[PDB]
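Notes follow the structure.
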Ligand SMILES: *[C@@H]1O[C@H](CO)[C@@H](O[C@@H]2O[C@H](CO)[C@@H](O)[C@H](O)[C@H]2NC(C)=O)[C@H](O)[C@H]1NC(C)=O
Ligand SMILES: *[C@@H]1O[C@H](CO)[C@@H](O[C@@H]2O[C@H](CO)[C@@H](O)[C@H](O)[C@H]2NC(C)=O)[C@H](O)[C@H]1NC(C)=O
Ligand SMILES: *[C@@H]1O[C@H](CO)[C@@H](O)[C@H](O)[C@H]1NC(C)=O
Ligand SMILES: *[C@@H]1O[C@H](CO)[C@@H](O)[C@H](O)[C@H]1NC(C)=O
Ligand SMILES: *[C@@H]1O[C@H](CO)[C@@H](O)[C@H](O)[C@H]1NC(C)=O
Ligand SMILES: *[C@@H]1O[C@H](CO)[C@@H](O)[C@H](O)[C@H]1NC(C)=O
Ligand SMILES: *[C@@H]1O[C@H](CO)[C@@H](O)[C@H](O)[C@H]1NC(C)=O
Ligand SMILES: *[C@@H]1O[C@H](CO)[C@@H](O)[C@H](O)[C@H]1NC(C)=O
Ligand SMILES: *[C@@H]1O[C@H](CO)[C@@H](O)[C@H](O)[C@H]1NC(C)=O
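This is the structure in C-alpha cells:
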C-alpha cells in the first residue's frame, strides 16, 4: 500500500518540479530581458526600435 | 522483480533526459547570447549600454 | 513522519535529493534574477532636496 | 546483457528510442552552439609577423608560437584553470580549431577593424 | 538504416542505427580452495559401528561436504533420499548434518523409511513423516559376521510405546509381556528387551548384517555452514569474459593490476561504486576489470537518390577490436582517408567529416 | 573451580573521551582516493566511554549489557587481558560463547558453560591457574586460531552480532602514553567472522592474576558502544582510511 502511495506521490512531485523548472527558465528569460532593458533604456538611450 | 527494476531504471533515465533537455535549453540560450556578443562586440562597436 | 514510508522510499535512491537540488537551484536563481535586474549600481544616488 | 530483461523491456515500446533521439538532439545542438558562436568568419586571418601596432601589445591574446597547442597565454591559463551504456561523443570542433577560429577573429579585428565582419 | 528510419529513402547524413557489443567469449568461475573437508571417512569407514538401540550420532558442521564421492561409490546397496535429490546435494547448502550410524538385518533395511512400520522402526530407530536427507546402506558380511556368530550387535525387541522420531532408548528395563508384576525379576512372561542378532556367514542375502548411515538435514535460522563442493575453472585474462569471483559476477576484460590491495580487501570500487578491481580467490592477485568495448554503430551515407555506398562508424571503438581508418571519434570503415581539407559535409566528430565525391574522410 | 576475590578496593567507574577512535572498515572493498559515506553501527566521535582499571587494589571484571555492539580499547602491557565472556544469562540454561587466549593459542567455543561469579586466569612468578568455568555440557562450535595479541601496546576491538555473524575487527597500535586514550586515527581491519548464530546481550572481560594472596598487574581498558550512524570516510591513494567525519556530531561535520 505504501509502495503504491510512494510511486503516486513521487510522480506528482516529479511533475511539479519539472513544471517549476520550465517556469523558472521562462522567468529567467524574462529577467534577463528586464536586466537588458534596465541597462539599455534606463542607463542609456537606445536606438533599438520598440 | 525485474519489472520493478525496469520501471525504476526507466524513471531514472527519463529524469536524466528531462533535466538534460532543460540544461540544454539554458546552454542554448547562453550560446545564443555568446554568438550575439561575438557579432556585436567583437565584429563591431556596440552602442548598447553594458 | 512515517518511518516505514521513508525506509521504503530509500529503496528508490536519490530521487528526493535530485528534486530538492532542483528546487534549491530555482530558489537561488530567483535571487540571482533580482540581483541582475535591480542591482546595476554600487552607488546609492540621491536627488537634491 | 540479460535477455529476459530486454524481452520485458520490449513491452514498454519505444521509450528507449525517444530517450536516444532526445540525447541525439542535445548532442547535435552542442555542435550547432559552437558553430554559431565561433564560426562567424569564413576567412582565416593572420596577424603580420611584425607586431607594430603603434604601441599596442596583443601578445597575451595572440597565439603563442612557442606552445604546441597554438593558444594565447590567456587561453592557456583558461584551459589550465578548468578541471553501463554511457558514451561521451567528442565535439565536432576540437579545441585547436576553436582556438584557430578565435585567432582568425583576433587577427581580423586587429588588422582590419570591423570591416571584415561586414564584408572584405 | 532504412529499417531504423522506417523509410525506403535515406537522406544524406550520419544515422546511429545499432549498438556494437564485444560479445563475451568464455565464462570464468574462480572459487577458493576446497579445504576443511567434512569427516565422512570416520563415519562410513570407521573401525567398529554401533548398535541400533544406541546409534552413534555425528554432527557434520563448519565444513564443505563432497557428496559426489559418496554418491558415486558402488559399494552402497541402498541410496534412497526422502526430502532432497541426490544430484542436488552438491548444490544445496544446509546448516548442519546429523549422521546416524548403526547395523541392522538385511530384511530390515527397508524399515528405515518414513511411514514404514516395523520392529526397528517402532522400537530401535524412527524417522519422521517430513524427513529430509538420504539413507545410505551397504552390505558388511565380510567384516561384521563371525563363524561363531556375531552377538555384539543388539537390538530392542519390546517396548510399551512407539518411538518419537530421532529418539534413543538405551534403557534395560524388563518388559512385561503379561499383566503379572515384575520388579526387574525375569519370569515366565517377563523378558529382557535387548536381543542379539545371529549374523553368521552361512546365512543368505537378507540375514546378512547391513551397515546403515542416515544423514538428516536441518534448515534452521543458523547460517548454512555445510555446503557442496565448488568446481573452479581456469583463469583467462585479457579477454571480454564472464567472470564469477566468490559470488560477484559480471562481464569485463580482466587484466593485471598495479593497485596494491590491503590483505583483508577483496574487491575494488571507483567513485561511481562500480567494481573495477578484484582479487582472485585461488591465487591472491589483483585484477582490473575493464568494461568490454561497447559502442554506437553509425551509418554514414549520401542520399539514396545519389548513391547506395555507405560507411560505418563504431563510436569509441579501436579499429583492432571490430578502407579502415582510426579516428578519435572511433573506427570508420568504408571511407578512404585523404590528406586534403574540405568543408564539412557529413560530421563524424573530433574534426573528421565525410563526403561523397566514393566516400572520403 | 571458583574463587571469590574479597580484597578489592571500592571505587566508582571512570569516564573519558573517545576522540576519533572506534573506526573500522565497513566492508571488504578497496577504495582509492575517494570519500565514502556509509551507514553502519559506528562509535560516536568524542563520546563518553566507560573506563575500567586494574591496579594495586582495583580488579574490574563486571558484566555489562552488550547492546548493538562493543568497542573494546585496551592499553596493555605484560598481557593481562586474555579474553571475553559472551552470552545472555551466563549459566547452563542458555548457550554462551567463550573467547580465551591462554599461553599457547586462542580457543573459540560455543557451548553451555557454567560461568563462575568471578572468572579469571592466573600467572605464578608461569600460568598455572585456570578458574573461568566449572562445566561444559553441550557444545555446538569449536574454533582454534592464531593468537590475536608505561603502556606500550594499544588493542582496539569491535564486536558485532548481525544476522548470526560475529564480526571481530581489530587494530594493533604502538603507543607510549601513560594514562588516557591517545588522540589520533586508526581504522580497524576485519580479522575473523564467526558463524555463531546465538543470542548475546551481556559481556564480561577476562583478566589474569599475578601470584607471588593475589596481585593485579597494571592494566586499563575502555568500553564503548556502537550506534547506527553515518560516517564520511576518507580513503587515500594506498586505500587505507586516514580520516573520518561523524555526520551527527556538529553542524560543521554535518
Ligand atoms: C608585449 O608584451 C610582452 C608581455 O607582456 C612583452 O614580453 C616581455 O618582454 C620583456 C622584455 O623584453 C621580458 O622581460 C618579459 O619576460 C616578456 N614577457 C613575456 C610574457 O614574454 C613584450 O616585450 C611586449 N612588447 C612587444 C613589442 O612584444
Ligand atoms: C562468589 O560469590 C557469589 C556471590 O555471592 C556466589 O554466588 C552465590 O552463591 C551462593 C552459595 O549458596 C548461592 O546461594 C547464590 O545463589 C549465588 N548467587 C549467584 C548470583 O549466583 C558464589 O558462589 C561465590 N563463589 C564461591 C566459590 O563460593
Ligand atoms: C572409506 O569411506 C570414506 C568415506 O568418506 C572414503 O573417503 C574412503 O576412501 C573409504 N575407504 C576405502 C578404502 O575405500
Ligand atoms: C590455494 O590453491 C592454489 C592452487 O595452486 C595454491 O597456489 C594456493 O597456495 C592455495 N592457498 C591459498 C591460500 O590460496
Ligand atoms: C560521562 O558520564 C558520567 C556519568 O554518566 C558523567 O558524570 C560525565 O560527566 C560524562 N562525561 C561527559 C564528558 O559528559
Ligand atoms: C590452552 O587451552 C587449550 C584448550 O583448552 C588447551 O588445549 C591448552 O593445553 C591450553 N594451554 C595451556 C598452556 O594450558
Ligand atoms: C544439554 O545437556 C544436558 C545435560 O548435560 C542434557 O540433559 C541435554 O539433553 C542437553 N541438550 C542438548 C540439546 O544437547
Ligand atoms: C535475546 O535475549 C534477550 C534477553 O535475554 C531477550 O529479551 C531476547 O528476546 C532474546 N532474543 C531472542 C531472539 O531470543
Ligand atoms: C602510499 O604508499 C607509498 C609506498 O608505496 C608511500 O610512499 C606513500 O607515502 C603512501 N601514501 C600515503 C598517503 O599513505
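Chains as they are written, first to last, in our numbering: chain A, 1 to 50; chain B, 51 to 100; chain C, 101 to 149; chain D, 150 to 269; chain E, 270 to 630; chain F, 631 to 884.
Positions of the beta carbon are idealized from the N, C-alpha and C atoms, including for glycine.
For residue 834/F, the closest of 859/F, 812/F, 728/F by C-alpha to C-alpha distance is 728/F. According to the DSSP assignment, residue 671/F belongs to the beta strand (DSSP E) that extends over 665–672. DSSP places residue 212/D in no alpha helix (DSSP H); its state is neither H nor E.
Within chain B, the residues whose beta carbon sits less than 8 Å from that of residue 39/A are 98, 99, 100, listed in sequence order. Comparing C-alpha distances from residue 717/F to each of 694/F, 688/F, 706/F shows the shortest one belongs to 694/F. A Cβ-Cβ contact shorter than 7 Å links residue 787/F with residue 702/F. Proximity of chain E to residue 662/F at the Cβ level (cut-off 9 Å) is accounted for by 528, 537, 538, 539, 546, in chain order.
A Cβ-Cβ contact shorter than 7 Å links residue 558/E with residue 545/E. Below the 7 Å Cβ cutoff, chain D contributes no neighbours of residue 69/B, its closest Cβ being approximately 11 Å away. In the pairwise beta carbon analysis, the region 391–410 of chain E is classified as touching the region 335–355 of chain E: at least three pairs are separated by under 8 Å. At a cut-off of 7 Å, the C-beta of residue 794/F has a neighbouring C-beta in chain E. Take residue 663/F, set aside five residues on each side of it, and the residues of its chain with a beta-carbon closer than 6 Å to its own are 867, in chain order.
Beta-bridge pairing by DSSP links residue 823/F to 797/F.
Under a criterion of Cβ atoms nearer than 8 Å, the residues of chain E adjacent to residue 239/D are, in order, 597, 598, 618, 619. Distance check between residue 107/C and each of 3/A, 43/A, 21/A places 3/A closest, using alpha-carbon atoms only. Within its own chain, the residues whose Cβ lies closer than 7 Å to the Cβ of residue 614/E, once the five positions on either side in sequence are excluded, are 622, 623, 624, listed in chain order.
Relative to residue 587/E, the option among 281/E, 290/E, 279/E whose CA is nearest is 290/E.
If you look at residue 98/B, you'll find it isn't in any beta strand (DSSP E); DSSP assigns it neither H nor E. Residue 329/E and residue 778/F have their C-alpha atoms some 28 Å from each other.
Closer than 6 Å to some heavy atom of ligand 8: that does not describe the Cβ of residue 156/D.
If you look at residue 519/E, you'll find it in the beta strand (DSSP E) that goes 517–525. Contacts with chain F at 7 Å (Cβ-Cβ) include residue 494/E.
Between the region 272–280 of chain E and the region 327–341 of chain E, the count of C-beta pairs closer than 8 Å stays below three; the two stretches do not touch. Where residue 186/D is concerned, the enclosing alpha helix (DSSP H) starts and stops at 164–187.
The three-state reading of DSSP puts residue 616/E in strand, counting E and B together. The criterion of a C-beta distance shorter than 7 Å is not satisfied by residue 846/F and residue 733/F.
Between residue 569/E and residue 605/E, the C-beta gap is not smaller than 7 Å, which leaves the two residues out of contact. For residue 259/D, the enclosing alpha helix (DSSP H) starts and ends at 244–260. Neighbourhood of residue 173/D in chain E, by CB distance below 9 Å: 285, in chain order. Under DSSP, residue 844/F forms no beta bridge with any residue. In this structure, residue 462/E places its C-beta atom within 7 Å of the C-beta atom of residue 426/E. Using beta-carbon distances, residue 827/F counts as an interface residue toward chain E, with a partner under 7 Å. Close partners of residue 65/B in chain C (Cβ separation under 8 Å): 115, 118. With contacts defined as CB atoms closer than 7 Å, residue 514/E and residue 547/E qualify as a contacting pair. Shown in chain order are the residues whose CB sits closer than 6 Å to a heavy atom of ligand 8: 718/F, 829/F, 831/F. Taking the CA atoms as reference points, residue 239/D sits about 6 Å from residue 598/E.
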